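Q: This one's a deposited entry, sequence included:
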Amino acid sequence: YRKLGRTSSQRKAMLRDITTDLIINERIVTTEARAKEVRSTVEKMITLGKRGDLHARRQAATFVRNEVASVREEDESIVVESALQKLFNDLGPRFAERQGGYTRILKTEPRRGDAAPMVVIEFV
Amino acid sequence: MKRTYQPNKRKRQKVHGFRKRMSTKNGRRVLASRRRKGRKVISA
Amino acid sequence: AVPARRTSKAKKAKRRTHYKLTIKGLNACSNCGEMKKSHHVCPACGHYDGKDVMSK
Amino acid sequence: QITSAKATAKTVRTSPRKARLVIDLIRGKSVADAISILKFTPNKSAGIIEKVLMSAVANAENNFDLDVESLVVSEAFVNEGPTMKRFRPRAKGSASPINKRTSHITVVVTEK
Amino acid sequence: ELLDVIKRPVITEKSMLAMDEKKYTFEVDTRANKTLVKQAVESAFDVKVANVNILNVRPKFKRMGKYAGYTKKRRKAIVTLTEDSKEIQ
RNA sequence: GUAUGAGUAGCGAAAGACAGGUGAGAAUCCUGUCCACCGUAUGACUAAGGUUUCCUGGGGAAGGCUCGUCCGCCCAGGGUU
RNA sequence: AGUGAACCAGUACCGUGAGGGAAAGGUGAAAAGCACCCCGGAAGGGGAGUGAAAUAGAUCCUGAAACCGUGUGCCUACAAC
Ligand SMILES: [Zn+2]
């Protein structure tokens, strides 16, 4: 399952960060190994967001990052959505009637300082 | 790992300076041999 | 271990015959014609598989 | 009428051995093919040879020639330039030298 | 010698602000006093002086054309007035 | 002065990721957010020693073990009461 | 070579110090030292011009060898040099 140049707790930190991005942004540029490991992790989060209940919420909250916002919203207030609240109010209901496969990867180009092959991973 | 050169301003003037070279008869041999060579600095 | 004899020009160049570069699969885009790497997005126009991808 | 045009870059700060791996990929090609081949090689010297090739083409168009569609890469080579000399400190108080090498790069294009 | 003492004024951005509190900056002679400068300024403009302040400035290494060496030394005095003014431009 | 060894050894303890800026060009510069490291010190002040390295505006040939739009580097002005 | 030193040399540099101590001359008769245009961030180059000559363009008289390339007439994958 792809060690990614890191120890066991740094791999977990890095994945927890890259999947909370893409929940907040829905489209991201990364290398090609990270993108595959992340497709697996993010879709595991979406099938908990579709389950809906309290037990599923507390299961996801062990993996989604906390003090991050994702706001395009104002009726009249400063009303913030929490990137776990988005998972449960927005992204689950979106993919209600689709079975697995909520993402897709495209290949672009090697990075200048590296020759690392880069990639875009998006949702629909 | 302490090395040999430890800098100090007073010591350098008191051991190697102009007045120390002027107070002995062999210091003035040094100063004359340096003036005879063309040194731009004849005494520290 | 140290080289006991220097190596000549012929033997150096005979070593260096598997030391080259390759330029593998290059095709023409279906949308804009210019050359591009297969299974990749086209860098000239941002089209992959007959649709627009690097736009919003 | 002359049907040929050259450009050259002098004392570029890359090594002449690595620049030769890229320039053997381009010799004898049409100018149309050489540009795309250079755009998809990620080696540092690939984009420098691109500028020299594009100067050869502009010279052909403006000073003498026409017919960008007929042109072909006929000659190409990489020579050595003067080297800078440096020293890197080693273990136990000694030091060893380091060469900073340079290249002259020249491309020629003919109408065919 | 009272007329070789003051050399010229200093005109920089930190010295324009001082002219608004009644303070004036001059490059003065090395070997000059706080008191001697005060006498010279009271003589050459007919003002009344409160408080000269005085500093020394180190030379700077410069290097133009593979030849290097230092600029001059400098002395800077800042003169405060009670109530009057000098017009330099 | 130039080769061979050879495009080889090495690149000097350690946690980053993404979004957006600038730009000819960005893993390496700027801004943000979360994450991680020291905390009788990897925090604050000072005597030696160094001697302009300090601040502001520009630059990218060399120095920086990669890169560089950046810098204790380079050019111009200024600062110590 | 001739003074260590034909050139900003008892200098740069090395050492706590006494002391040790280098490298580095030549465009053209005359700067007439390349206005203008094109590729390029620049460097560099190609035209056009100066000039008796620029492959005399400032790394500038002549321009040997080592060493590094490009093109071709002939030979070479059963052979112990
Ligand atoms: Zn295309």
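A: Structure's in. What do you need? Numbers count the residues shown, from 1 in each chain, chains lettered A, B, ... in the order given.

Q: The closest residue to RNA strand G within chain E: neighbour count?
A: For chain E, the residue closest to RNA strand G is residue E:67, as judged by CB to the nearest atom of the strand, at 5.5 Å. From N, CA and C alone the C-beta is placed, and that goes for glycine too. Residues near residue E:67, counting by other CB atoms under 10 Å in any protein chain shown, number 7.

Q: repeat for the one 3 residues further on
A: Residue neighbour count, defined by other CB under 10 Å, stands at 10 for residue E:70.

Q: One more: residue C:20?
A: Neighbour count for residue C:20, taken as other CB under 10 Å: 10.

Q: and it, backbone torsions?
A: phi -120, psi -170 (degrees, to the nearest 10).

Q: Which secondary structure state is assigned to residue E:15?
A: helix (DSSP: H, G, I helix; E, B strand; the rest coil).

Q: wait, isn't it in contact with residue E:27?
A: No - Residue E:15 sits out of contact with residue E:27 when judged by CB atoms under 8 Å, with a separation of 11.1 Å.

Q: Please report the distance of the residue nearest the centre of chain C from residue B:40.
A: For chain C, the residue lying nearest the average C-alpha position, counting by CA atoms, centre = their mean, turns out to be residue C:23 (3.4 Å). Distance, residue C:23 to residue B:40, by CB to CB, to the nearest Å: 64 Å.

Q: Ok, residue E:17 next?
A: Counting by CB to CB, the gap from residue E:17 to residue B:40 is 44 Å.

Q: cool, residue B:27 as well?
A: The gap separating residue B:27 from residue B:40 is 19 Å, by CB to CB.

Q: go on, residue B:4?
A: Taken as CB to CB, the span from residue B:4 to residue B:40 is 27 Å.

Q: ditto for residue E:88
A: 43 Å.

Q: So for the two, which sits in the more crowded spot?
A: residue E:88 (8 against 5).

Q: Now the more buried one. Nearest residue, chain neighbours left out?
A: residue E:9 (5.5 Å; CB to CB, 6 or more residues apart in numbering or on different chains).

Q: Show the contacting residues for that neighbour.
A: Taking CB atoms under 8 Å, 6 or more residues apart in numbering or on different chains, we find residue E:9 in contact with E:24, E:25, E:26, E:27, E:88.

Q: what's across from it in the sheet?
A: Taking DSSP bridges as the rule, residue E:9 bridges to residue E:26.

Q: ok, now how distant is it from residue E:18?
A: Distance, residue E:9 to residue E:18, by CB to CB: 11 Å.

Q: ok, now residue E:43?
A: Distance of residue E:43 to residue E:18, computed by CB to CB: 22 Å.

Q: Then residue A:36?
A: 67 Å.

Q: go on, residue A:92?
A: 68 Å.

Q: what about these two, which has more around it?
A: Comparing residue A:92 with residue E:18 by other CB under 10 Å, the one with more neighbours is residue A:92, at 19 against 16.

Q: List the contacts of that one.
A: So residue A:92 contacts A:46, A:49, A:50, A:52 (CB under 8 Å, 6+ apart).

Q: Then residue E:53 would be within a strand, right?
A: Yes - per three-state DSSP, residue E:53 lies within a strand segment.

Q: Now do the contacts for the nearest residue to residue E:85 once chain neighbours are set aside.
A: Among residues not flanking residue E:85 along the chain, residue E:22 sits closest, at 7.2 Å (CB to CB, 6+ apart). Residue E:22 sits next to E:80, E:81, E:83, E:85 when contact means CB under 8 Å, 6+ apart.
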